[PDB]
């Protein structure tokens, strides 16, 4: 009998998901900082796991990873993660998802309001409006080195590859 058991919820990029966490398969990039209740996928979408007392009670329930062997150092490896949620009467629900380690971290660009995202080119210390624009939800490679000019931070990006992002001269304001 399941109805009194904890319910495991998840959000992807802020949006509650209707599919069960159990049996999900995620991509995570080599070198990413992975926590089984809060991690970032290969495309840069934040995934957050949480739980409630039951299907009919949204009150917070405790949830923890009872098995998290995940290691992000090497691509082409997968790991299963098992979560267990426990309610106040001590009833349990577990969910198991699979994490695939992939090569590259992309980031998802959020206009946070606007449909359109402005880009810039930097020449010496002059920042010029570029004609290229991105749409909210576009996925790009981002160079690891930001640049600050007139007290504003900029990140160098490319839809092609990480290496291209290091010299693309297409910049967005850092979030």
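Residue numbers count along the first chain shown, from 1.
Mean CA temperature factor is higher for 83-91 when stretches 97-105 and 83-91 are set side by side in the entry. Relative to its counterpart among 164-172 and 2-10, 2-10 has the higher mean temperature factor, C-alpha atoms as listed in the PDB entry. Ranking 29, 149, 37, 70 by the C-alpha B-factor listed in the PDB entry places 149 at the top. Ranked by Cα temperature factor within the chain, residue 120 sits in the middle third according to the deposited record. Per the deposited record, the Cα B-factor of residue 24 falls in the lowest third when ranked against the other modelled residues of its chain. For residue 17, the recorded CA temperature factor ranks within the middle third of the chain's modelled residues. The deposited CA B-factor of residue 65 belongs to the middle third of values across its chain. The entry lists a Cα temperature factor for residue 42 that places it in the lowest third of the chain's modelled residues.
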